[PDB]
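Trainee: Got a sequence here, can you build the structure:
(one chain, ligands or ions: 1)
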Amino acid sequence: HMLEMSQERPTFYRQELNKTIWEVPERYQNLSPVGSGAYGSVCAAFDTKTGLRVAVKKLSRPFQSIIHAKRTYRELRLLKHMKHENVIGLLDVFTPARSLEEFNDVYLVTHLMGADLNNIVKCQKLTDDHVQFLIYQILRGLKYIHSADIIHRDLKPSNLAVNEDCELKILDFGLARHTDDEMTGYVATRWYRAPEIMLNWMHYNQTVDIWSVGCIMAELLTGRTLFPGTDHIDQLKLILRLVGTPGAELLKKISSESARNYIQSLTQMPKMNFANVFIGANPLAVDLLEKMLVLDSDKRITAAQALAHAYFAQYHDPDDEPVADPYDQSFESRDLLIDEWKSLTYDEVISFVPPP
Ligand SMILES: c1ccc(C[C@H]2CN(c3cc(-c4ccncc4)c(-c4ccc5ccccc5c4)nn3)CCN2)cc1
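Mentor: Residues are numbered from 1 along each chain as shown. Below is the structure in question.
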């Protein structure tokens, strides 16, 4: 029954990095910008308190609009909830402000990652063992994320951080939107997206993430993008060629009448033989792929079910694949003013409890 009734404010020091003034607790030393403005405003640093090499991100204009203030709040809530080895988590969150009145900047902290799945693949030839272990971690983390009723929505190699020990973490959740223009043409931003979400056929569920894993797995196994469409339509054709054209069941599930009309306009095609598409691949991997790359999302294998697939026999441990605590997203359907979103954010910042 021993409780803390107050919080000791750290001593902050300020310096100019990333053309901007960074103000952080003294525990964070030797800050050096990284990612070349690509990760955003991120500085690599050494957390002297934990003896950990960390990534410190400074949110830029988190409350410049109602849309952004809510996004900032959404990100913080998400990052604070994530507690899994295969998912990006929060080591610390802070602001130099002593009060809400002076609240403006938000700094986030996590483990420093070296490279994403793309960099890994570019540097060496991965063994099936590597692919096995990599996809295992993705599904282990997906099971957790999905158990909290969260959907990544933008799962792709650039959103998977990997280390020297082939350990992987899922990051950059797609909770906001992807400008339909950055989804235009011959772009990797669209190659891993489920068709139903790429063309807006219906209300997508968490299985859209499984489709993405299938795309990633196939590519790790063949070394080739599975559906490198030059545009949405070219990509859909690439997809139906492999998995066959929709049956009546799925057809009735597509809400857009125009989309339905369009679908029926295509010459019907049967599902291809994956054993002949993925020549020389492990028969177990081919089976799993067929279970993931199913056009009707309702029949796609779940992350939980996938982990129990014989293909992961060497890594599967039902007692070591954790689920998440309930995640309240009621705020998503909530309407608030900028300052109200900002207040909710500030509340979350000052109430942060570091990992044990
Ligand atoms: C390594 C890993 C992945 C890539 C591709 C990667 C590059 N991008 C990134 C990257 C990072 C990052 C995470 C960990 N260590 C360094 C950078 C963050 C970031 C930085 C600080 C944070 C602090 C608290 C919470 C979350 C945080 C997220 N945001 N966007 C965008 C997506 N692809 C490149 C190199």
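Trainee: ok, residue 169 - contacts?
Mentor: Shown in contact with residue 169 (CB atoms under 8 Å, 6 or more residues apart in numbering): 85-88, 111, 113, 141, 160-161. Every C-beta, even on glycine, is put in place using the N, C-alpha and C of the backbone.
Trainee: looking just at contacts, which helices and strands does the lengthiest helix in the chain meet?
Mentor: What stands out as the longest helix in the chain, according to DSSP state H, is helix 128-147. With contacts defined as 3 or more CB pairs under 8 Å, 6 or more residues apart in numbering; DSSP states H and E, helix 128-147 has these neighbours: strand 160-162, strand 168-170, helix 207-222, helix 283-292, helix 303-307.
Trainee: what's the angle from the very next helix or strand once past the longest one to helix 207-222?
Mentor: The C-terminal neighbour of helix 207-222 among helices and strands, as given by DSSP states H and E, is helix 232-243. For the pair helix 232-243 and helix 207-222, the angle between their directions (axes from the mean of the first three to the mean of the last three CA atoms, to 10 degrees) equals 70 degrees.
Trainee: Return the set of buried residues in helix 232-243.
Mentor: Neighbour-count burial for helix 232-243 flags 232, 235-236, 238-240, 242-243 (criterion: 16 or more other CB atoms under 10 Å).
Trainee: Tell me the secondary structure of residue 93, please.
Mentor: strand (DSSP: H, G, I helix; E, B strand; the rest coil).
Trainee: Can you tell me the closest non-neighbouring residue to the residue of the stretch 251-356 of the chain found nearest the ligand?
Mentor: Proximity to the ligand, evaluated over the stretch 251-356 of the chain using CB to the nearest ligand atom, is greatest for residue 352 at 11.7 Å. Once flanking residues are discounted, residue 352 sits nearest to residue 93: 4.8 Å by CB to CB, 6 or more residues apart in numbering.
Trainee: and the gap between the one you found and the ligand?
Mentor: For residue 93, the distance to the ligand (CB to the nearest ligand atom, to the nearest Å) stands at 8 Å.
Trainee: now what about the longest strand seen in the chain, what contacts it?
Mentor: If you go by DSSP state E, the chain has its longest strand at strand 52-59. The contact list for strand 52-59 (CB under 8 Å, 6+ apart) reads 18, 20, 22, 24, 28, 31, 34, 39-47, 72, 75, 91, 105-113.
Trainee: Give me the buried positions along that strand.
Mentor: 54-59.
Trainee: Now that strand - C-alpha only, PDB.
Mentor: Output in PDB follows, covering the C-alpha atoms of strand 52-59 (Å, rounded to 0.1, in the frame of the first residue of the first chain):
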ATOM      1  CA  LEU A  52      20.600   1.700 -23.800                       C
ATOM      2  CA  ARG A  53      21.300   3.200 -27.200                       C
ATOM      3  CA  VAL A  54      18.000   5.000 -28.100                       C
ATOM      4  CA  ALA A  55      16.100   6.800 -30.800                       C
ATOM      5  CA  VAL A  56      14.600  10.100 -29.600                       C
ATOM      6  CA  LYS A  57      11.900  11.600 -31.900                       C
ATOM      7  CA  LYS A  58      10.700  15.200 -31.500                       C
ATOM      8  CA  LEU A  59       7.100  15.500 -32.800                       C
END
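Trainee: What ranges does the chain have for its strands?
Mentor: 12-17, 20-25, 28-33, 42-47, 52-59, 92-94, 106-111, 115-116, 160-162, 168-170.
Trainee: Briefly note if the first one comes near the ligand.
Mentor: No. Counting by CB under 6 Å from any ligand atom, the ligand is not contacted by strand 12-17; separation bottoms out at 13.8 Å.
Trainee: sorry, back to before: any chance of the helices and strands packed on helix 128-147 in CSV, plus distance to the ligand?
Mentor: Converted to CSV, the helices and strands packed on helix 128-147 look like this (distance: least, CB to the nearest ligand atom, whole Å):
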stretch, distance to the ligand
strand 160-162, 4
strand 168-170, 8
helix 207-222, 14
helix 283-292, 23
helix 303-307, 21
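Trainee: of the ones you listed, which approaches residue 6 most closely?
Mentor: Smallest distance to residue 6 across these (CB to CB): 33.9 Å, for strand 168-170.
Trainee: list the contacts for residue 85?
Mentor: Taking CB under 8 Å, 6+ apart, one finds 140-141, 167, 169 in contact with residue 85.
Trainee: hmm, back to that, the longest strand of the chain pairs with which strands, parallel or anti?
Mentor: Partners of strand 52-59 in the sheet, by DSSP bridges, are strand 42-47 (antiparallel), strand 106-111 (antiparallel).
Trainee: what's the angle from the last one to strand 28-33?
Mentor: Direction vectors for strand 106-111 and strand 28-33, defined by the same axes, to 10 degrees, enclose an angle of 100 degrees.
Trainee: Please apply the same query to the first one.
Mentor: Strand 42-47 runs at 160 degrees relative to strand 28-33, counting by the same axes, to 10 degrees.
Trainee: Nearest residue to the residue nearest the centre of the chain in space, please, no chain neighbours.
Mentor: The centroid of the chain falls nearest to residue 173 when counting by CA atoms, centre = their mean (3.6 Å). Nearest in space to residue 173, with sequence neighbours left out and distances taken as CB to CB, 6+ apart, is residue 152 at 5.4 Å.
Trainee: hang on, isn't the one you found packed against residue 145?
Mentor: Yes. Residue 152 is within contact range of residue 145, at 6.4 Å (criterion: CB atoms under 8 Å).
Trainee: Now do the shared contacts for the two.
Mentor: With CB under 8 Å, 6+ apart, residue 152 and residue 145 have common neighbours 170, 209.
Trainee: Excluding residues flanking it in the chain, which one is nearest residue 60?
Mentor: The nearest residue in space to residue 60 (CB to CB, 6+ apart) is residue 41, at 5.6 Å.
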